[PDB]
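Participant: Dropping in work_21.pdb, with PDB, C-alpha atoms.
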ATOM      1  CA  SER A   1     136.697   2.835  76.114  1.00  0.00           C
ATOM      2  CA  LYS A   2     136.156   6.353  74.713  1.00  0.00           C
ATOM      3  CA  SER A   3     139.657   7.852  75.229  1.00  0.00           C
ATOM      4  CA  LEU A   4     141.378   4.459  74.617  1.00  0.00           C
ATOM      5  CA  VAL A   5     139.514   4.224  71.291  1.00  0.00           C
ATOM      6  CA  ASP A   6     140.202   7.893  70.544  1.00  0.00           C
ATOM      7  CA  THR A   7     143.982   7.673  70.731  1.00  0.00           C
ATOM      8  CA  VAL A   8     143.990   4.618  68.437  1.00  0.00           C
ATOM      9  CA  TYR A   9     142.005   6.314  65.694  1.00  0.00           C
ATOM     10  CA  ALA A  10     144.023   9.439  66.420  1.00  0.00           C
ATOM     11  CA  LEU A  11     146.944   7.159  65.560  1.00  0.00           C
ATOM     12  CA  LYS A  12     145.362   5.663  62.463  1.00  0.00           C
ATOM     13  CA  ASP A  13     145.113   9.281  61.264  1.00  0.00           C
ATOM     14  CA  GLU A  14     148.743  10.099  62.046  1.00  0.00           C
ATOM     15  CA  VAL A  15     149.913   6.896  60.402  1.00  0.00           C
ATOM     16  CA  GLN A  16     147.819   7.518  57.215  1.00  0.00           C
ATOM     17  CA  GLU A  17     149.362  11.000  56.781  1.00  0.00           C
ATOM     18  CA  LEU A  18     152.758   9.304  57.139  1.00  0.00           C
ATOM     19  CA  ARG A  19     152.159   6.884  54.292  1.00  0.00           C
ATOM     20  CA  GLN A  20     151.193  10.007  52.320  1.00  0.00           C
ATOM     21  CA  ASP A  21     154.532  11.650  52.903  1.00  0.00           C
ATOM     22  CA  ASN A  22     156.539   8.576  51.980  1.00  0.00           C
ATOM     23  CA  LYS A  23     154.543   8.454  48.761  1.00  0.00           C
ATOM     24  CA  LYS A  24     155.627  11.950  47.772  1.00  0.00           C
ATOM     25  CA  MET A  25     159.110  11.524  49.183  1.00  0.00           C
ATOM     26  CA  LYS A  26     159.667   8.401  47.177  1.00  0.00           C
ATOM     27  CA  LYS A  27     158.353  10.609  44.390  1.00  0.00           C
ATOM     28  CA  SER A  28     160.803  13.528  44.554  1.00  0.00           C
ATOM     29  CA  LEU A  29     163.756  11.407  45.468  1.00  0.00           C
ATOM     30  CA  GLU A  30     162.970   9.771  42.130  1.00  0.00           C
ATOM     31  CA  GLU A  31     162.764  13.168  40.371  1.00  0.00           C
ATOM     32  CA  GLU A  32     166.206  13.996  41.823  1.00  0.00           C
ATOM     33  CA  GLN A  33     167.844  10.846  40.449  1.00  0.00           C
ATOM     34  CA  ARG A  34     166.511  11.779  37.004  1.00  0.00           C
ATOM     35  CA  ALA A  35     167.564  15.404  37.295  1.00  0.00           C
ATOM     36  CA  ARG A  36     171.143  14.385  38.093  1.00  0.00           C
ATOM     37  CA  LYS A  37     171.350  11.467  35.681  1.00  0.00           C
ATOM     38  CA  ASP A  38     170.636  14.063  32.962  1.00  0.00           C
ATOM     39  CA  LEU A  39     173.546  16.056  34.375  1.00  0.00           C
ATOM     40  CA  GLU A  40     175.978  13.228  33.849  1.00  0.00           C
ATOM     41  CA  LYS A  41     174.872  13.152  30.189  1.00  0.00           C
ATOM     42  CA  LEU A  42     175.724  16.831  29.878  1.00  0.00           C
ATOM     43  CA  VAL A  43     179.016  16.359  31.728  1.00  0.00           C
ATOM     44  CA  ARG A  44     179.875  13.299  29.642  1.00  0.00           C
ATOM     45  CA  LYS A  45     179.120  15.248  26.429  1.00  0.00           C
ATOM     46  CA  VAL A  46     181.636  17.845  27.726  1.00  0.00           C
ATOM     47  CA  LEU A  47     184.383  15.225  28.306  1.00  0.00           C
ATOM     48  CA  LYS A  48     183.787  13.765  24.835  1.00  0.00           C
ATOM     49  CA  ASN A  49     184.221  17.278  23.461  1.00  0.00           C
ATOM     50  CA  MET A  50     187.746  17.602  24.891  1.00  0.00           C
ATOM     51  CA  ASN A  51     189.152  14.095  24.341  1.00  0.00           C
ATOM     52  CA  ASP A  52     187.240  13.443  21.071  1.00  0.00           C
TER      53      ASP A  52
ATOM     54  CA  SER B   1     143.670  -2.856  79.988  1.00  0.00           C
ATOM     55  CA  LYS B   2     147.341  -2.579  81.028  1.00  0.00           C
ATOM     56  CA  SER B   3     149.032  -4.397  78.094  1.00  0.00           C
ATOM     57  CA  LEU B   4     146.376  -3.166  75.587  1.00  0.00           C
ATOM     58  CA  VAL B   5     147.105   0.408  76.722  1.00  0.00           C
ATOM     59  CA  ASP B   6     150.852  -0.263  76.735  1.00  0.00           C
ATOM     60  CA  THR B   7     151.121  -1.294  73.096  1.00  0.00           C
ATOM     61  CA  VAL B   8     149.144   1.787  72.002  1.00  0.00           C
ATOM     62  CA  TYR B   9     151.421   4.234  73.783  1.00  0.00           C
ATOM     63  CA  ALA B  10     154.320   2.064  72.667  1.00  0.00           C
ATOM     64  CA  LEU B  11     152.952   2.868  69.210  1.00  0.00           C
ATOM     65  CA  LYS B  12     152.476   6.570  69.838  1.00  0.00           C
ATOM     66  CA  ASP B  13     156.207   6.558  70.656  1.00  0.00           C
ATOM     67  CA  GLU B  14     157.193   4.685  67.497  1.00  0.00           C
ATOM     68  CA  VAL B  15     155.010   6.934  65.375  1.00  0.00           C
ATOM     69  CA  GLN B  16     156.444  10.161  66.943  1.00  0.00           C
ATOM     70  CA  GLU B  17     160.027   9.052  66.151  1.00  0.00           C
ATOM     71  CA  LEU B  18     158.820   8.438  62.587  1.00  0.00           C
ATOM     72  CA  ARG B  19     157.543  11.967  62.115  1.00  0.00           C
ATOM     73  CA  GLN B  20     160.997  12.998  63.371  1.00  0.00           C
ATOM     74  CA  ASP B  21     162.773  11.112  60.637  1.00  0.00           C
ATOM     75  CA  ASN B  22     160.566  12.455  57.870  1.00  0.00           C
ATOM     76  CA  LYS B  23     161.341  15.927  59.176  1.00  0.00           C
ATOM     77  CA  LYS B  24     165.073  15.435  58.727  1.00  0.00           C
ATOM     78  CA  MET B  25     164.665  13.424  55.549  1.00  0.00           C
ATOM     79  CA  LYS B  26     162.599  16.130  53.966  1.00  0.00           C
ATOM     80  CA  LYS B  27     165.459  18.286  55.208  1.00  0.00           C
ATOM     81  CA  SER B  28     168.435  16.590  53.531  1.00  0.00           C
ATOM     82  CA  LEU B  29     166.571  15.713  50.398  1.00  0.00           C
ATOM     83  CA  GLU B  30     166.168  19.485  50.190  1.00  0.00           C
ATOM     84  CA  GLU B  31     169.906  20.046  50.816  1.00  0.00           C
ATOM     85  CA  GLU B  32     170.631  17.604  47.961  1.00  0.00           C
ATOM     86  CA  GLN B  33     168.464  19.474  45.449  1.00  0.00           C
ATOM     87  CA  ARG B  34     170.387  22.649  46.311  1.00  0.00           C
ATOM     88  CA  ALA B  35     173.768  20.952  46.151  1.00  0.00           C
ATOM     89  CA  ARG B  36     173.050  19.671  42.640  1.00  0.00           C
ATOM     90  CA  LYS B  37     171.271  22.766  41.365  1.00  0.00           C
ATOM     91  CA  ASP B  38     174.548  24.588  42.128  1.00  0.00           C
ATOM     92  CA  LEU B  39     176.283  21.936  40.032  1.00  0.00           C
ATOM     93  CA  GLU B  40     174.219  22.731  36.984  1.00  0.00           C
ATOM     94  CA  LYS B  41     175.324  26.373  37.366  1.00  0.00           C
ATOM     95  CA  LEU B  42     178.944  25.258  37.302  1.00  0.00           C
ATOM     96  CA  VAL B  43     178.305  22.910  34.377  1.00  0.00           C
ATOM     97  CA  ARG B  44     176.371  25.594  32.504  1.00  0.00           C
ATOM     98  CA  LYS B  45     179.227  28.085  33.076  1.00  0.00           C
ATOM     99  CA  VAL B  46     181.503  25.441  31.469  1.00  0.00           C
ATOM    100  CA  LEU B  47     179.273  25.082  28.364  1.00  0.00           C
ATOM    101  CA  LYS B  48     179.107  28.871  27.988  1.00  0.00           C
ATOM    102  CA  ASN B  49     182.903  28.885  28.097  1.00  0.00           C
ATOM    103  CA  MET B  50     183.183  26.606  25.047  1.00  0.00           C
ATOM    104  CA  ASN B  51     180.356  27.895  22.828  1.00  0.00           C
ATOM    105  CA  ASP B  52     180.673  31.565  23.927  1.00  0.00           C
TER     106      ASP B  52
ATOM    107  CA  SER C   1     138.015  -6.273  72.752  1.00  0.00           C
ATOM    108  CA  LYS C   2     138.415  -8.216  69.481  1.00  0.00           C
ATOM    109  CA  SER C   3     138.050  -5.365  66.930  1.00  0.00           C
ATOM    110  CA  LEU C   4     139.717  -2.818  69.294  1.00  0.00           C
ATOM    111  CA  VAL C   5     142.698  -5.189  69.586  1.00  0.00           C
ATOM    112  CA  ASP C   6     142.609  -5.907  65.849  1.00  0.00           C
ATOM    113  CA  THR C   7     143.023  -2.315  64.708  1.00  0.00           C
ATOM    114  CA  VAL C   8     145.975  -1.825  67.082  1.00  0.00           C
ATOM    115  CA  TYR C   9     147.904  -4.803  65.759  1.00  0.00           C
ATOM    116  CA  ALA C  10     146.726  -3.796  62.301  1.00  0.00           C
ATOM    117  CA  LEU C  11     148.529  -0.560  63.166  1.00  0.00           C
ATOM    118  CA  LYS C  12     151.641  -2.213  64.549  1.00  0.00           C
ATOM    119  CA  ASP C  13     151.864  -3.875  61.117  1.00  0.00           C
ATOM    120  CA  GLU C  14     151.430  -0.626  59.190  1.00  0.00           C
ATOM    121  CA  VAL C  15     153.961   1.124  61.394  1.00  0.00           C
ATOM    122  CA  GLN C  16     156.566  -1.706  61.012  1.00  0.00           C
ATOM    123  CA  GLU C  17     156.344  -1.505  57.191  1.00  0.00           C
ATOM    124  CA  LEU C  18     156.903   2.247  57.569  1.00  0.00           C
ATOM    125  CA  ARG C  19     160.142   1.852  59.484  1.00  0.00           C
ATOM    126  CA  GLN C  20     161.126  -0.480  56.626  1.00  0.00           C
ATOM    127  CA  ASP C  21     160.639   2.190  54.015  1.00  0.00           C
ATOM    128  CA  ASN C  22     162.567   4.828  55.927  1.00  0.00           C
ATOM    129  CA  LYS C  23     165.398   2.322  56.183  1.00  0.00           C
ATOM    130  CA  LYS C  24     165.640   1.973  52.416  1.00  0.00           C
ATOM    131  CA  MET C  25     164.888   5.627  51.791  1.00  0.00           C
ATOM    132  CA  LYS C  26     167.660   6.708  54.081  1.00  0.00           C
ATOM    133  CA  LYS C  27     169.601   4.172  52.038  1.00  0.00           C
ATOM    134  CA  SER C  28     169.074   5.519  48.508  1.00  0.00           C
ATOM    135  CA  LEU C  29     169.141   9.124  49.537  1.00  0.00           C
ATOM    136  CA  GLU C  30     172.632   8.195  50.715  1.00  0.00           C
ATOM    137  CA  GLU C  31     173.453   6.521  47.368  1.00  0.00           C
ATOM    138  CA  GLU C  32     172.348   9.741  45.621  1.00  0.00           C
ATOM    139  CA  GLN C  33     174.674  11.965  47.655  1.00  0.00           C
ATOM    140  CA  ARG C  34     177.557   9.678  46.666  1.00  0.00           C
ATOM    141  CA  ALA C  35     176.535   9.540  43.023  1.00  0.00           C
ATOM    142  CA  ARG C  36     176.532  13.339  42.796  1.00  0.00           C
ATOM    143  CA  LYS C  37     179.591  13.942  44.951  1.00  0.00           C
ATOM    144  CA  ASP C  38     181.458  11.848  42.348  1.00  0.00           C
ATOM    145  CA  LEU C  39     180.027  14.193  39.723  1.00  0.00           C
ATOM    146  CA  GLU C  40     181.574  17.230  41.326  1.00  0.00           C
ATOM    147  CA  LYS C  41     184.944  15.432  41.137  1.00  0.00           C
ATOM    148  CA  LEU C  42     184.458  14.959  37.410  1.00  0.00           C
ATOM    149  CA  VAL C  43     183.270  18.548  36.977  1.00  0.00           C
ATOM    150  CA  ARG C  44     186.146  19.869  39.084  1.00  0.00           C
ATOM    151  CA  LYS C  45     188.638  17.837  36.998  1.00  0.00           C
ATOM    152  CA  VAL C  46     187.114  19.600  33.943  1.00  0.00           C
ATOM    153  CA  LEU C  47     187.595  23.102  35.442  1.00  0.00           C
ATOM    154  CA  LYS C  48     191.196  22.262  36.366  1.00  0.00           C
ATOM    155  CA  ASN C  49     191.711  21.224  32.750  1.00  0.00           C
ATOM    156  CA  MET C  50     190.763  24.678  31.430  1.00  0.00           C
ATOM    157  CA  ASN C  51     192.354  26.985  34.022  1.00  0.00           C
ATOM    158  CA  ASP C  52     195.377  24.717  34.724  1.00  0.00           C
TER     159      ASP C  52
END
Turn the structure described in the file into structure tokens.

Facilitator:
Amino acid sequence: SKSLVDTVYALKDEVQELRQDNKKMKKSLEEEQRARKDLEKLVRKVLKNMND
Amino acid sequence: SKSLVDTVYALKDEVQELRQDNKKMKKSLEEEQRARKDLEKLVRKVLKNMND
Amino acid sequence: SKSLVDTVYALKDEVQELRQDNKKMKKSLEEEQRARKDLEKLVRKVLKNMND
């Protein structure tokens, strides 16, 4: 059925673009962890400049 | 087909609520970046209070 | 229809594994907030060691 088949492939589309966004979300969540882990280093270097 | 058509629209539902969650996830990931970028400022102000 | 029915359940699969990933993404986004909120504490303790 034309319309029945349409909506499904319309959905395969929508779902594909969703995988896409996870991909990059997973990606920049992971950049954020790294950005802040580096911040702890800096902060820890500070603390071991006071009580040294 | 009743059940065949049901599951598809059942899926259109499920997929719509997924776009929704990306939306807000994208959203609070973005709030987190900002929250921590502000933290670097603070930390950097600290470092340029020691070696000034 | 065999193939028509296949792609739909093929899609129910794909969509289920997507909910899964949100679940854990929501999860580690939330771990990240906590990890950095703790960092502010540390940083704030620093600032209230200088101007005390």

Participant: Run through the PyMOL selection byres ((chain A) within 9 of (chain B)) on the given coordinates and return the selected residues as a ChimeraX atom specification.

Facilitator: /A:4,7-8,11,14-15,18,21-22,25,28-29,32,35-36,39,42-43,46

Participant: Any chance you can output those residues with C-alpha atoms as a PDB file, in the coordinates of the input?

Facilitator:
ATOM      1  CA  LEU A   4     141.378   4.459  74.617  1.00  0.00           C
ATOM      2  CA  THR A   7     143.982   7.673  70.731  1.00  0.00           C
ATOM      3  CA  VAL A   8     143.990   4.618  68.437  1.00  0.00           C
ATOM      4  CA  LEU A  11     146.944   7.159  65.560  1.00  0.00           C
ATOM      5  CA  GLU A  14     148.743  10.099  62.046  1.00  0.00           C
ATOM      6  CA  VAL A  15     149.913   6.896  60.402  1.00  0.00           C
ATOM      7  CA  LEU A  18     152.758   9.304  57.139  1.00  0.00           C
ATOM      8  CA  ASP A  21     154.532  11.650  52.903  1.00  0.00           C
ATOM      9  CA  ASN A  22     156.539   8.576  51.980  1.00  0.00           C
ATOM     10  CA  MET A  25     159.110  11.524  49.183  1.00  0.00           C
ATOM     11  CA  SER A  28     160.803  13.528  44.554  1.00  0.00           C
ATOM     12  CA  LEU A  29     163.756  11.407  45.468  1.00  0.00           C
ATOM     13  CA  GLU A  32     166.206  13.996  41.823  1.00  0.00           C
ATOM     14  CA  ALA A  35     167.564  15.404  37.295  1.00  0.00           C
ATOM     15  CA  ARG A  36     171.143  14.385  38.093  1.00  0.00           C
ATOM     16  CA  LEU A  39     173.546  16.056  34.375  1.00  0.00           C
ATOM     17  CA  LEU A  42     175.724  16.831  29.878  1.00  0.00           C
ATOM     18  CA  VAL A  43     179.016  16.359  31.728  1.00  0.00           C
ATOM     19  CA  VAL A  46     181.636  17.845  27.726  1.00  0.00           C
TER      20      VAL A  46
END

Participant: Pairing the C-alpha atoms in order across the whole chain, superpose chain A onto chain B by least squares and write the result as a JSON list (two decimals) with C-alpha atoms, keeping the file's coordinate frame.

Facilitator:
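Final output, saved to part37.json:
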[["chain", "number", "residue", "atom", "x", "y", "z"],
["A", 1, "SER", "CA", 143.67, -2.86, 79.99],
["A", 2, "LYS", "CA", 147.34, -2.58, 81.03],
["A", 3, "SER", "CA", 149.03, -4.40, 78.09],
["A", 4, "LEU", "CA", 146.38, -3.17, 75.59],
["A", 5, "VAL", "CA", 147.10, 0.41, 76.72],
["A", 6, "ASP", "CA", 150.85, -0.26, 76.73],
["A", 7, "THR", "CA", 151.12, -1.29, 73.10],
["A", 8, "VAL", "CA", 149.14, 1.79, 72.00],
["A", 9, "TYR", "CA", 151.42, 4.23, 73.78],
["A", 10, "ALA", "CA", 154.32, 2.06, 72.67],
["A", 11, "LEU", "CA", 152.95, 2.87, 69.21],
["A", 12, "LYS", "CA", 152.48, 6.57, 69.84],
["A", 13, "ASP", "CA", 156.21, 6.56, 70.66],
["A", 14, "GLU", "CA", 157.19, 4.68, 67.50],
["A", 15, "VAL", "CA", 155.01, 6.93, 65.37],
["A", 16, "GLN", "CA", 156.44, 10.16, 66.94],
["A", 17, "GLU", "CA", 160.03, 9.05, 66.15],
["A", 18, "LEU", "CA", 158.82, 8.44, 62.59],
["A", 19, "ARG", "CA", 157.54, 11.97, 62.11],
["A", 20, "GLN", "CA", 161.00, 13.00, 63.37],
["A", 21, "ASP", "CA", 162.77, 11.11, 60.64],
["A", 22, "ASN", "CA", 160.57, 12.45, 57.87],
["A", 23, "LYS", "CA", 161.34, 15.93, 59.18],
["A", 24, "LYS", "CA", 165.07, 15.43, 58.73],
["A", 25, "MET", "CA", 164.66, 13.42, 55.55],
["A", 26, "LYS", "CA", 162.60, 16.13, 53.97],
["A", 27, "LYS", "CA", 165.46, 18.29, 55.21],
["A", 28, "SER", "CA", 168.44, 16.59, 53.53],
["A", 29, "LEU", "CA", 166.57, 15.71, 50.40],
["A", 30, "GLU", "CA", 166.17, 19.49, 50.19],
["A", 31, "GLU", "CA", 169.91, 20.05, 50.82],
["A", 32, "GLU", "CA", 170.63, 17.60, 47.96],
["A", 33, "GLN", "CA", 168.46, 19.47, 45.45],
["A", 34, "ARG", "CA", 170.39, 22.65, 46.31],
["A", 35, "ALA", "CA", 173.77, 20.95, 46.15],
["A", 36, "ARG", "CA", 173.05, 19.67, 42.64],
["A", 37, "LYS", "CA", 171.27, 22.77, 41.36],
["A", 38, "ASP", "CA", 174.55, 24.59, 42.13],
["A", 39, "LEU", "CA", 176.28, 21.94, 40.03],
["A", 40, "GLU", "CA", 174.22, 22.73, 36.98],
["A", 41, "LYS", "CA", 175.32, 26.37, 37.37],
["A", 42, "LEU", "CA", 178.94, 25.26, 37.30],
["A", 43, "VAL", "CA", 178.31, 22.91, 34.38],
["A", 44, "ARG", "CA", 176.37, 25.59, 32.50],
["A", 45, "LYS", "CA", 179.23, 28.09, 33.08],
["A", 46, "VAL", "CA", 181.50, 25.44, 31.47],
["A", 47, "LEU", "CA", 179.27, 25.08, 28.36],
["A", 48, "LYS", "CA", 179.11, 28.87, 27.99],
["A", 49, "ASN", "CA", 182.90, 28.88, 28.10],
["A", 50, "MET", "CA", 183.18, 26.61, 25.05],
["A", 51, "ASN", "CA", 180.36, 27.90, 22.83],
["A", 52, "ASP", "CA", 180.67, 31.56, 23.93]]

Participant: Can you work out the spacing between atom CA of residue 13 of chain A and atom CA of residue 13 of chain C in Å, to one decimal?

Facilitator: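 Atom CA of residue 13 of chain A sits 14.8 Å away from atom CA of residue 13 of chain C.
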
Participant: Please, what distance in Å, to one decimal, runs between atom CA of residue 41 of chain B and atom CA of residue 27 of chain B?

Facilitator: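 About the pair atom CA of residue 41 of chain B and atom CA of residue 27 of chain B: they are 21.9 Å apart.
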
Participant: Just how far from atom CA of residue 24 of chain A is atom CA of residue 34 of chain B, in Å to one decimal?

Facilitator: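 Distance between the two atoms: 18.3 Å.
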
Participant: Add whatever atoms are absent from segment 17-43 of chain A to reach N, CA, C and O atoms, and provide the output as a PDB file, in the coordinates of the input.

Facilitator:
ATOM      1  N   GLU A  17     148.643   9.827  57.258  1.00  0.00           N
ATOM      2  CA  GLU A  17     149.362  11.000  56.781  1.00  0.00           C
ATOM      3  C   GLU A  17     150.849  10.733  56.626  1.00  0.00           C
ATOM      4  O   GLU A  17     151.521  11.452  55.905  1.00  0.00           O
ATOM      5  N   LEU A  18     151.365   9.709  57.305  1.00  0.00           N
ATOM      6  CA  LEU A  18     152.758   9.304  57.139  1.00  0.00           C
ATOM      7  C   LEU A  18     152.962   8.526  55.862  1.00  0.00           C
ATOM      8  O   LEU A  18     153.910   8.785  55.139  1.00  0.00           O
ATOM      9  N   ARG A  19     152.085   7.572  55.571  1.00  0.00           N
ATOM     10  CA  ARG A  19     152.159   6.884  54.292  1.00  0.00           C
ATOM     11  C   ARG A  19     152.177   7.888  53.151  1.00  0.00           C
ATOM     12  O   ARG A  19     152.954   7.754  52.209  1.00  0.00           O
ATOM     13  N   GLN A  20     151.332   8.909  53.276  1.00  0.00           N
ATOM     14  CA  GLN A  20     151.193  10.007  52.320  1.00  0.00           C
ATOM     15  C   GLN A  20     152.505  10.665  52.002  1.00  0.00           C
ATOM     16  O   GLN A  20     152.790  10.966  50.857  1.00  0.00           O
ATOM     17  N   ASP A  21     153.282  10.923  53.041  1.00  0.00           N
ATOM     18  CA  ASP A  21     154.532  11.650  52.903  1.00  0.00           C
ATOM     19  C   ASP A  21     155.644  10.797  52.305  1.00  0.00           C
ATOM     20  O   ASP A  21     156.440  11.293  51.508  1.00  0.00           O
ATOM     21  N   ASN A  22     155.699   9.524  52.684  1.00  0.00           N
ATOM     22  CA  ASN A  22     156.539   8.576  51.980  1.00  0.00           C
ATOM     23  C   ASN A  22     156.266   8.603  50.491  1.00  0.00           C
ATOM     24  O   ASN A  22     157.169   8.817  49.686  1.00  0.00           O
ATOM     25  N   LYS A  23     155.000   8.397  50.142  1.00  0.00           N
ATOM     26  CA  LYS A  23     154.543   8.454  48.761  1.00  0.00           C
ATOM     27  C   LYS A  23     155.237   9.588  48.019  1.00  0.00           C
ATOM     28  O   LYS A  23     155.964   9.344  47.058  1.00  0.00           O
ATOM     29  N   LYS A  24     155.053  10.820  48.486  1.00  0.00           N
ATOM     30  CA  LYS A  24     155.627  11.950  47.772  1.00  0.00           C
ATOM     31  C   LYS A  24     157.135  12.067  47.950  1.00  0.00           C
ATOM     32  O   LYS A  24     157.805  12.672  47.124  1.00  0.00           O
ATOM     33  N   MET A  25     157.677  11.469  48.999  1.00  0.00           N
ATOM     34  CA  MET A  25     159.110  11.524  49.183  1.00  0.00           C
ATOM     35  C   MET A  25     159.779  10.594  48.211  1.00  0.00           C
ATOM     36  O   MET A  25     160.740  10.961  47.548  1.00  0.00           O
ATOM     37  N   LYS A  26     159.259   9.375  48.151  1.00  0.00           N
ATOM     38  CA  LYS A  26     159.667   8.401  47.177  1.00  0.00           C
ATOM     39  C   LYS A  26     159.637   9.097  45.837  1.00  0.00           C
ATOM     40  O   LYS A  26     160.524   8.921  45.024  1.00  0.00           O
ATOM     41  N   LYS A  27     158.628   9.941  45.654  1.00  0.00           N
ATOM     42  CA  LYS A  27     158.353  10.609  44.390  1.00  0.00           C
ATOM     43  C   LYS A  27     159.447  11.595  43.981  1.00  0.00           C
ATOM     44  O   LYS A  27     159.897  11.582  42.844  1.00  0.00           O
ATOM     45  N   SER A  28     159.881  12.443  44.901  1.00  0.00           N
ATOM     46  CA  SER A  28     160.803  13.528  44.554  1.00  0.00           C
ATOM     47  C   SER A  28     162.258  13.140  44.733  1.00  0.00           C
ATOM     48  O   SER A  28     163.161  13.818  44.253  1.00  0.00           O
ATOM     49  N   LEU A  29     162.479  12.064  45.469  1.00  0.00           N
ATOM     50  CA  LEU A  29     163.756  11.407  45.468  1.00  0.00           C
ATOM     51  C   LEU A  29     163.965  10.921  44.046  1.00  0.00           C
ATOM     52  O   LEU A  29     165.024  11.131  43.462  1.00  0.00           O
ATOM     53  N   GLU A  30     162.929  10.300  43.484  1.00  0.00           N
ATOM     54  CA  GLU A  30     162.970   9.771  42.130  1.00  0.00           C
ATOM     55  C   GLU A  30     163.115  10.842  41.058  1.00  0.00           C
ATOM     56  O   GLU A  30     163.768  10.598  40.056  1.00  0.00           O
ATOM     57  N   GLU A  31     162.528  12.019  41.264  1.00  0.00           N
ATOM     58  CA  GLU A  31     162.764  13.168  40.371  1.00  0.00           C
ATOM     59  C   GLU A  31     164.212  13.685  40.412  1.00  0.00           C
ATOM     60  O   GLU A  31     164.734  14.200  39.421  1.00  0.00           O
ATOM     61  N   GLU A  32     164.845  13.536  41.570  1.00  0.00           N
ATOM     62  CA  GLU A  32     166.206  13.996  41.823  1.00  0.00           C
ATOM     63  C   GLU A  32     167.221  13.117  41.110  1.00  0.00           C
ATOM     64  O   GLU A  32     168.141  13.615  40.495  1.00  0.00           O
ATOM     65  N   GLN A  33     167.040  11.805  41.197  1.00  0.00           N
ATOM     66  CA  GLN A  33     167.844  10.846  40.449  1.00  0.00           C
ATOM     67  C   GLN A  33     167.879  11.208  38.978  1.00  0.00           C
ATOM     68  O   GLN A  33     168.942  11.241  38.366  1.00  0.00           O
ATOM     69  N   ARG A  34     166.698  11.465  38.422  1.00  0.00           N
ATOM     70  CA  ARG A  34     166.511  11.779  37.004  1.00  0.00           C
ATOM     71  C   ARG A  34     167.174  13.109  36.662  1.00  0.00           C
ATOM     72  O   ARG A  34     167.888  13.220  35.663  1.00  0.00           O
ATOM     73  N   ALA A  35     166.957  14.107  37.508  1.00  0.00           N
ATOM     74  CA  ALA A  35     167.564  15.404  37.295  1.00  0.00           C
ATOM     75  C   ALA A  35     169.089  15.326  37.237  1.00  0.00           C
ATOM     76  O   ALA A  35     169.714  16.033  36.447  1.00  0.00           O
ATOM     77  N   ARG A  36     169.690  14.464  38.056  1.00  0.00           N
ATOM     78  CA  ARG A  36     171.143  14.385  38.093  1.00  0.00           C
ATOM     79  C   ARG A  36     171.696  13.421  37.069  1.00  0.00           C
ATOM     80  O   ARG A  36     172.783  13.646  36.549  1.00  0.00           O
ATOM     81  N   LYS A  37     170.961  12.354  36.771  1.00  0.00           N
ATOM     82  CA  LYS A  37     171.350  11.467  35.681  1.00  0.00           C
ATOM     83  C   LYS A  37     171.480  12.247  34.372  1.00  0.00           C
ATOM     84  O   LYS A  37     172.418  12.028  33.616  1.00  0.00           O
ATOM     85  N   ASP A  38     170.567  13.187  34.133  1.00  0.00           N
ATOM     86  CA  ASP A  38     170.636  14.063  32.962  1.00  0.00           C
ATOM     87  C   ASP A  38     171.887  14.919  32.972  1.00  0.00           C
ATOM     88  O   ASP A  38     172.377  15.327  31.917  1.00  0.00           O
ATOM     89  N   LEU A  39     172.380  15.204  34.176  1.00  0.00           N
ATOM     90  CA  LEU A  39     173.546  16.056  34.375  1.00  0.00           C
ATOM     91  C   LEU A  39     174.807  15.332  33.978  1.00  0.00           C
ATOM     92  O   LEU A  39     175.682  15.915  33.346  1.00  0.00           O
ATOM     93  N   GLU A  40     174.897  14.060  34.341  1.00  0.00           N
ATOM     94  CA  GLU A  40     175.978  13.228  33.849  1.00  0.00           C
ATOM     95  C   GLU A  40     176.055  13.241  32.326  1.00  0.00           C
ATOM     96  O   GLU A  40     177.143  13.387  31.768  1.00  0.00           O
ATOM     97  N   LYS A  41     174.906  13.111  31.655  1.00  0.00           N
ATOM     98  CA  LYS A  41     174.872  13.152  30.189  1.00  0.00           C
ATOM     99  C   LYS A  41     175.619  14.386  29.745  1.00  0.00           C
ATOM    100  O   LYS A  41     176.655  14.279  29.102  1.00  0.00           O
ATOM    101  N   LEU A  42     175.100  15.547  30.143  1.00  0.00           N
ATOM    102  CA  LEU A  42     175.724  16.831  29.878  1.00  0.00           C
ATOM    103  C   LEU A  42     177.211  16.816  30.166  1.00  0.00           C
ATOM    104  O   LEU A  42     178.000  17.157  29.297  1.00  0.00           O
ATOM    105  N   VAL A  43     177.597  16.419  31.375  1.00  0.00           N
ATOM    106  CA  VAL A  43     179.016  16.359  31.728  1.00  0.00           C
ATOM    107  C   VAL A  43     179.778  15.424  30.806  1.00  0.00           C
ATOM    108  O   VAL A  43     180.856  15.772  30.335  1.00  0.00           O
TER     109      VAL A  43
END
